[PDB]
Amino acid sequence: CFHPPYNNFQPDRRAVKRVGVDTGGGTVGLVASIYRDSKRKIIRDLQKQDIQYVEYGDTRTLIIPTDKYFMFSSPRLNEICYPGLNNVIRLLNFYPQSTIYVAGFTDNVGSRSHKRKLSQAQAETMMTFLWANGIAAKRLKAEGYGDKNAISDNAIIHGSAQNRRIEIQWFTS
Amino acid sequence: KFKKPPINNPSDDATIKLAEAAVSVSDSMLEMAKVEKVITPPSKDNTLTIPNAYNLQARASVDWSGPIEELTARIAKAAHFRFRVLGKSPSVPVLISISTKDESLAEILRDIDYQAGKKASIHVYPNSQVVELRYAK
Amino acid sequence: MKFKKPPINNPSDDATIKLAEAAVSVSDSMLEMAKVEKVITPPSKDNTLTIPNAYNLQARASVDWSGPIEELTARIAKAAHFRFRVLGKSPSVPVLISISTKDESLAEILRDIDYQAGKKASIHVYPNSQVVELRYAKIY
Amino acid sequence: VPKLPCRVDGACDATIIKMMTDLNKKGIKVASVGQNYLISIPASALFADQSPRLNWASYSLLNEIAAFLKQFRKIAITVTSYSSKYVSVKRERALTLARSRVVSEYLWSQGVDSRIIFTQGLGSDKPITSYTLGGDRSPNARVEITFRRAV
Amino acid sequence: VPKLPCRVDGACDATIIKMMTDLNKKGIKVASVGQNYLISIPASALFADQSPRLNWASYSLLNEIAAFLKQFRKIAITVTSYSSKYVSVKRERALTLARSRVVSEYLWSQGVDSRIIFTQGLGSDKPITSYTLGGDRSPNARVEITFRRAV
Amino acid sequence: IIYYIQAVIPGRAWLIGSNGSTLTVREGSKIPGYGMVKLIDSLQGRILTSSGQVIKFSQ
Amino acid sequence: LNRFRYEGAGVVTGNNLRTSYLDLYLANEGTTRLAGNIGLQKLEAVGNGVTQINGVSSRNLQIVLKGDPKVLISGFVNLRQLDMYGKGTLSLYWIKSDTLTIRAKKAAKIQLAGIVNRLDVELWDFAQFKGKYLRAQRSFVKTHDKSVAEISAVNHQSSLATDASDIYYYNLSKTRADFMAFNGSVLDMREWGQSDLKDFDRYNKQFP
């Protein structure tokens with residue numbers, strides 16, 4: 001069984017349902033479970049979803065569309081896209097020691113103070129969710145910027161759309 | 001099990017940019033108006049308050065347009081209060097109009113004074129049951 | 001091994017694109033005008049002093065109105081169980097306010113409608129008497 | 001005439017009566033008097049025990065209620081919440097207000113054909129029946145929506 | 001159609017993704033976010049040991065990387081050279097600078113399209129991996145090319 | 001010199017000013033530049049001075 | 001005047017004693033009265049006793065409990081960490097600390113006030129925490145079944161409740177986020193009739 005709203009913040013028993021449906025074999029159940037729980041499948045399903053994954057050198061980074069995964073123009077958080085967050089937690093469980101940084105980014109239209117406040121609010125909300133996901137608060141640090149550094153121009157519609165985002169960095173040691 | 005998304009929501013980049021610009025201009029105009037507006041505290045708000053007299057808590061339905069002194073005299077007579085005037089009558093009189101069904105005498109007089117503005121004032125006396133209409137100079 | 005940038009959306013419209021392109025510039029102009037107006041004129045007072053809130057008033061509302069103000073305020077007072085009072089006479093020109101918001105205080109609703117009315121109308125509340133009075137300006 | 005609207009968009013009295021009858025048979029109280037309509041929902045079928053948390057499955061009922069409401073033309077919709085005495089007066093009033101806020105927010109997010117939405121909660125001040133053996137299971141705790149049909 | 005160019009000359013997104021995949025499977029790092037492209041190449045596979053000289057076979061790789069770059073419109077391209085702490089700081093900076101100058105010169109000589117080419121080398125001033133055992137074999141010995149595709 | 005409250009306990013409190021000088025305020029005590037405190041509040045941050053001034057929390 | 005340890009139903013009174021650090025170890029009905037400023041860092045009450053201190057101004061202090069004492073302390077203390085596992089009942093008059101880490105297991109009744117830069121609290125069961133009159137910048141609350149905590153966060157609030165847990169926020173934070181698992185509840189219960197209480201804004205209108 002399972003509950004859509006984050007399963008009340010409890011890691012599910014993904015293996016038991018697989019082994020039950022297989023027995024309804026144990027070996028094929030085990031191999032299917034380990035294959036579909038491999039990190040490669042995690043990243044592939046992230047790419048299938050609206051997730052950007054980057055690994056290079058030793059640091060690893062994640063990019064999330066705030067517009068897609070948030071209620072528009074509000075620190076309110078969307079709920080329909082829960083599997084993305086579930087997979088995020090499943091992947092992040094692999095690194096129980098790395099320090100975490102999370103940052104927010106928005107477009108170039110509006111009051112500068114307004115943009116900064118919205119970025120900070122989004123970062124606060126995201127880091128709060130991460131903390132509630134069982135991570136000790138010592139491992140988290142949040143920040144938000146507006147148009148301080150854009151990987152895409154604002155004069156283009158789609159580029160400006162890409163500009164606003166959520167960034168997650170974490171080292172290895 | 002069946003959760004719905006918002007229906008009339010900005011699902012497109014053009015839509016979200018439009019709505020964001022709308023929010024921005026709305027806030028800007030709001031604070032512009034806030035700067036523009038002028039307000040006064042009740043301490044210096046020179047308005048006739050409620051005389052809080054029981055005999056003036058009656059009920060009437062009245063419609064009128066025209067001069068003010070005659071109407072005030074009629075109101076005072078209905079209220080069983082003496083009525084007096086202090087000043088002179090300008091050649092061009094002071095005209096007002098009011099129609100109402102349920103508005104007690106005190107607030108009626110308050111409205112009368114407000115519509116009369118600064119050219120005249122009205123004062124009440126419950127010690128000696130009188131009303132005074134004072135002109136302006 | 002495929003590649004995908006995050007933001008993938010529904011198809012857009014060129015007309016809406018142009019509308020937003022104009023709108024962002026309009027917003028920029030409004031913002032700079034507000035900045036210069038604020039810096040040149042010092043604000044002094046807030047309408048909280050002339051009308052604060054009280055109990056049986058924190059009830060909440062979300063409205064969308066595009067018409068006159070008198071009936072809207074009357075409905076507000078009817079919801080709030082408070083008396084409604086009018087001062088002065090409405091001018092020949094109707095006074096219209098378009099306001100769209102969502103789930104703020106009734107007191108803040110009154111504050112913003114009074115601000116948006118500005119010169120033409122004024123609002124006052126006496127909680128001891130549980131009355132809300134609106135007055136038209138005496139002009140000309 | 002063909003260019004003129006033949007009927008209100010998406011209107012069918014048969015569908016209206018069918019859906020309201022379905023609500024009543026499910027157990028949601030629907031009352032029509034004059035042209036003012038009242039709809040009452042038990043708390044135990046909507047929230048968790050004395051909490052401003054929403055049951056996931058209740059979204060189906062919320063959507064059905066919104067669909068039924070869409071069939072009518074109105075001006076203002078009033079939402080009131082009522083509970084049972086649990087801790088104080090303040091806690092109960094806050095809980096009722098929060099429930100009203102969340103349900104109203106979801107309704108407004110949905111394609112509600114409204115102009116004004118009022119929200120308030122009253123805790124456990126106005127009962128409906130002296131029978132109060134149960135707590136959140138007692139019918140007195142409730143959420144009520146009242147509205148007048150336009151024209 | 002025969003008069004106005006329907007597409008930019010000699011461009012094919014299928015070819016673009018094909019060559020990107022080929023580079024990635026060769027092992028040279030290629031990535032992009034938004035409309036900014038960054039490519040990293042290990043120093044060992046390009047230069048000889050501790051020397052600012054190009055291995056002969058590397059000319060084919062340079063040719064094909066220039067061919068890939070030809071499938072873009074850009075203005076400014078920046079090249080950086082990073083190495084490992086070997087003897088000093090000045091010598092390593094000079095080595096990186098010479099390497100960057102040589103590669104930039106050959107790229108400009110080839111049919112690339114840019115208005116500004118920036119080149120700089122630093123050495124072992126900022127590593128990107130805690131593992132610091134090897135010298136020229138260490139993955140941090142790298143050359144990086146960055147730019148932004150505009151419109 | 002302007003002053004703004006920091007924390008409230010029933011009966012007395014702890015206060016700061018523009019110069020960063022801490023102070024302990026009794027229910028009845030003299031406050032420089034404000035006079036003497038006549039009444040404090042715990043559910044509300046208002047505290048009343050002899051001169052009629054009211055002090056609240058700092059923004 | 002360096003270390004005092006007493007057990008066995010004894011009454012001690014002192015005032016105007018001055019010290020840098022002293023170690024206090026009280027047990028078995030230590031009726032201890034203090035009317036002076038004492039510099040100390042380590043205090044340990046076994047439990048089931050009354051103890052009051054009037055004025056301590058120390059750079060640091062650490063305290064843990066095992067029994068069920070009733071402790072009331074006045075002064076200024078920069079405390080960092082505290083855990084409770086019995087039936088603790090504590091009141092602290094003032095604290096000026098940057099980091100607070102509080103864990104409560106069985107029964108806690110804690111009344112504190114002061115200025116805090118960062119505070120986190122974990123509650124397991126039957127713990128009431130009256131952190132009202134105590135203002136903080138960063139607040140982290142994690143409550144399991146049957147835990148009541150009232151807080152007064154100012155800037156940044158993160159709260160999680162499992163079930164039958166009450167989180168009562170008595171301030172309007174700039175940013176707030178709350179979560180309930182089974183029956184957790186987060187409630188404002190502000191003045192609700194205040195003359196000049198500010199309401200929600202765009203940055204903070206977070207619907208529960």
# chains A, B, ... in the order shown; residues from 1 in each chain; ligands from 1
>>> calpha_fit_rmsd(fixed="chain E", moving="chain D")
0.6 Å
>>> interface_residues(of="chain C", to="chain B", cutoff="8 Å", atoms="only C-alpha atoms", output="PDB file with C-alpha atoms, in the first residue's frame")
ATOM      1  CA  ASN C   9       5.228  23.845 -21.381  1.00  0.00           C
ATOM      2  CA  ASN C  10       2.116  24.083 -23.524  1.00  0.00           C
ATOM      3  CA  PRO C  11       2.331  25.921 -26.857  1.00  0.00           C
ATOM      4  CA  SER C  12       2.195  29.697 -26.563  1.00  0.00           C
ATOM      5  CA  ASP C  13       0.722  32.490 -28.697  1.00  0.00           C
ATOM      6  CA  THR C  16       0.287  37.051 -25.958  1.00  0.00           C
ATOM      7  CA  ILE C  17       4.059  37.197 -26.421  1.00  0.00           C
ATOM      8  CA  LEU C  19       1.361  41.667 -25.037  1.00  0.00           C
ATOM      9  CA  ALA C  20       3.807  40.557 -22.347  1.00  0.00           C
ATOM     10  CA  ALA C  23       3.513  44.886 -20.443  1.00  0.00           C
ATOM     11  CA  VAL C  24       6.940  44.374 -18.890  1.00  0.00           C
ATOM     12  CA  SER C  27       5.544  47.850 -15.515  1.00  0.00           C
ATOM     13  CA  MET C  30       5.286  52.436 -13.547  1.00  0.00           C
ATOM     14  CA  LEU C  31       7.939  51.227 -11.108  1.00  0.00           C
ATOM     15  CA  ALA C  34       6.540  55.215  -8.242  1.00  0.00           C
ATOM     16  CA  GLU C  37       7.148  60.013  -6.669  1.00  0.00           C
ATOM     17  CA  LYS C  38       8.031  58.390  -3.348  1.00  0.00           C
ATOM     18  CA  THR C  41       6.962  63.425  -1.724  1.00  0.00           C
ATOM     19  CA  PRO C  42       7.247  62.290   1.913  1.00  0.00           C
ATOM     20  CA  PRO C  43       4.319  60.147   3.068  1.00  0.00           C
ATOM     21  CA  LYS C  45       0.063  59.067   7.743  1.00  0.00           C
ATOM     22  CA  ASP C  46      -1.651  55.688   7.573  1.00  0.00           C
ATOM     23  CA  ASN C  47      -5.369  54.949   7.461  1.00  0.00           C
ATOM     24  CA  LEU C  49      -5.326  55.489  12.744  1.00  0.00           C
ATOM     25  CA  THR C  50      -8.582  56.676  11.189  1.00  0.00           C
ATOM     26  CA  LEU C  87     -22.412  61.126   3.974  1.00  0.00           C
ATOM     27  CA  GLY C  88     -22.772  63.685   1.229  1.00  0.00           C
ATOM     28  CA  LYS C  89     -24.326  63.028  -2.156  1.00  0.00           C
ATOM     29  CA  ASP C 112      -7.345  49.186   0.062  1.00  0.00           C
ATOM     30  CA  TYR C 115      -6.904  54.022  -0.831  1.00  0.00           C
ATOM     31  CA  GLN C 116      -8.036  53.225  -4.370  1.00  0.00           C
ATOM     32  CA  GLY C 118      -8.505  58.253  -2.899  1.00  0.00           C
ATOM     33  CA  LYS C 119      -9.822  61.763  -3.397  1.00  0.00           C
ATOM     34  CA  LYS C 138     -17.258  68.108  -1.379  1.00  0.00           C
TER      35      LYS C 138
END
>>> closest_atom_pairs(of="chain D", to="chain C", cutoff="7 Å", atoms="only C-alpha atoms", output="tab-separated table")
residue	atom	partner	partner_atom	distance
D:115	CA	C:64	CA	5.3
D:116	CA	C:63	CA	4.4
D:117	CA	C:62	CA	5.2
D:118	CA	C:61	CA	4.5
D:119	CA	C:60	CA	5.2
D:120	CA	C:59	CA	5.1
>>> write_last_selection(atoms="N, CA and C atoms", output="PDB file, in the first residue's frame")
ATOM      1  N   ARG D 115     -18.429  35.589  -7.513  1.00  0.00           N
ATOM      2  CA  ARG D 115     -17.948  36.957  -7.412  1.00  0.00           C
ATOM      3  C   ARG D 115     -17.429  37.298  -6.028  1.00  0.00           C
ATOM      4  N   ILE D 116     -18.035  36.738  -4.983  1.00  0.00           N
ATOM      5  CA  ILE D 116     -17.626  36.983  -3.605  1.00  0.00           C
ATOM      6  C   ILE D 116     -17.639  35.662  -2.849  1.00  0.00           C
ATOM      7  N   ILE D 117     -16.601  35.428  -2.050  1.00  0.00           N
ATOM      8  CA  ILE D 117     -16.550  34.281  -1.153  1.00  0.00           C
ATOM      9  C   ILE D 117     -16.242  34.788   0.246  1.00  0.00           C
ATOM     10  N   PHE D 118     -17.120  34.476   1.197  1.00  0.00           N
ATOM     11  CA  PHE D 118     -16.931  34.805   2.602  1.00  0.00           C
ATOM     12  C   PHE D 118     -16.616  33.539   3.381  1.00  0.00           C
ATOM     13  N   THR D 119     -15.694  33.648   4.337  1.00  0.00           N
ATOM     14  CA  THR D 119     -15.261  32.519   5.147  1.00  0.00           C
ATOM     15  C   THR D 119     -15.246  32.911   6.615  1.00  0.00           C
ATOM     16  N   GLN D 120     -15.780  32.024   7.456  1.00  0.00           N
ATOM     17  CA  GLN D 120     -15.687  32.209   8.898  1.00  0.00           C
ATOM     18  C   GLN D 120     -15.911  30.884   9.617  1.00  0.00           C
TER      19      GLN D 120
END
>>> residues_around(residues="residue 37 in chain A", least_positions_apart="4", cutoff="10 Å", atoms="only C-alpha atoms", output="PyMOL selection string")
chain A and resi 14-15+31-33+41-42+90-91
>>> residues_around(residues="range 55-65 of chain G", least_positions_apart="4", cutoff="7 Å", atoms="only C-alpha atoms", output="list in words")
residues 36, 37, 38, 39, 40, 41, 42, 43, 44, 45, 46, 74, 75, 76, 77, 78, 79, 81, 82, 83 and 84 of chain G
>>> atom_distance(atom1="CA of residue 151 in chain E", atom2="CA of residue 66 in chain E")
20.4 Å
>>> closest_residue(among="C:137, C:54, C:93, C:132", to="chain G", atoms="only C-alpha atoms")
C:54
>>> residues_around(residues="residue 92 in chain A", least_positions_apart="5", cutoff="10 Å", atoms="only C-alpha atoms", output="list in words")
residues 86, 87, 98, 130 and 135 of chain A
>>> select_by_dssp(residues="range 73-135 of chain E", states="strand (DSSP E or B)", output="short mmCIF file (atom, residue, chain, number, x, y, z; two decimals) with N, CA and C atoms, in the first residue's frame")
data_model
loop_
_atom_site.label_atom_id
_atom_site.label_comp_id
_atom_site.auth_asym_id
_atom_site.auth_seq_id
_atom_site.Cartn_x
_atom_site.Cartn_y
_atom_site.Cartn_z
N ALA E 76 31.52 35.43 -28.09
CA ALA E 76 32.70 35.35 -27.24
C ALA E 76 32.92 33.91 -26.81
N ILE E 77 34.16 33.44 -26.90
CA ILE E 77 34.54 32.11 -26.45
C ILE E 77 35.72 32.23 -25.51
N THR E 78 35.62 31.60 -24.34
CA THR E 78 36.67 31.67 -23.34
C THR E 78 37.29 30.30 -23.13
N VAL E 79 38.62 30.27 -23.07
CA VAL E 79 39.38 29.04 -22.88
C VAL E 79 40.28 29.20 -21.67
N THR E 80 40.28 28.19 -20.80
CA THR E 80 41.07 28.19 -19.59
C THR E 80 41.86 26.90 -19.49
N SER E 81 43.05 26.99 -18.90
CA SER E 81 43.95 25.86 -18.76
C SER E 81 44.33 25.68 -17.30
N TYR E 82 44.03 24.50 -16.74
CA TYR E 82 44.33 24.20 -15.36
C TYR E 82 45.18 22.93 -15.29
N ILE E 116 35.23 37.37 -30.35
CA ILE E 116 36.20 37.50 -29.27
C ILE E 116 36.63 36.11 -28.83
N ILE E 117 37.94 35.90 -28.74
CA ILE E 117 38.50 34.69 -28.16
C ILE E 117 39.37 35.11 -26.99
N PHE E 118 39.02 34.65 -25.80
CA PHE E 118 39.78 34.89 -24.59
C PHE E 118 40.49 33.61 -24.18
N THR E 119 41.73 33.74 -23.73
CA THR E 119 42.51 32.59 -23.30
C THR E 119 43.26 32.93 -22.03
N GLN E 120 43.28 31.98 -21.10
CA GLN E 120 44.01 32.17 -19.86
C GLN E 120 44.30 30.82 -19.21
N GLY E 121 45.40 30.79 -18.46
CA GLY E 121 45.78 29.60 -17.73
C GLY E 121 46.11 29.94 -16.29
N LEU E 122 45.82 29.01 -15.41
CA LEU E 122 46.05 29.24 -13.99
C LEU E 122 46.94 28.19 -13.35
N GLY E 123 46.77 26.92 -13.71
CA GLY E 123 47.58 25.87 -13.11
C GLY E 123 46.82 25.03 -12.12
#
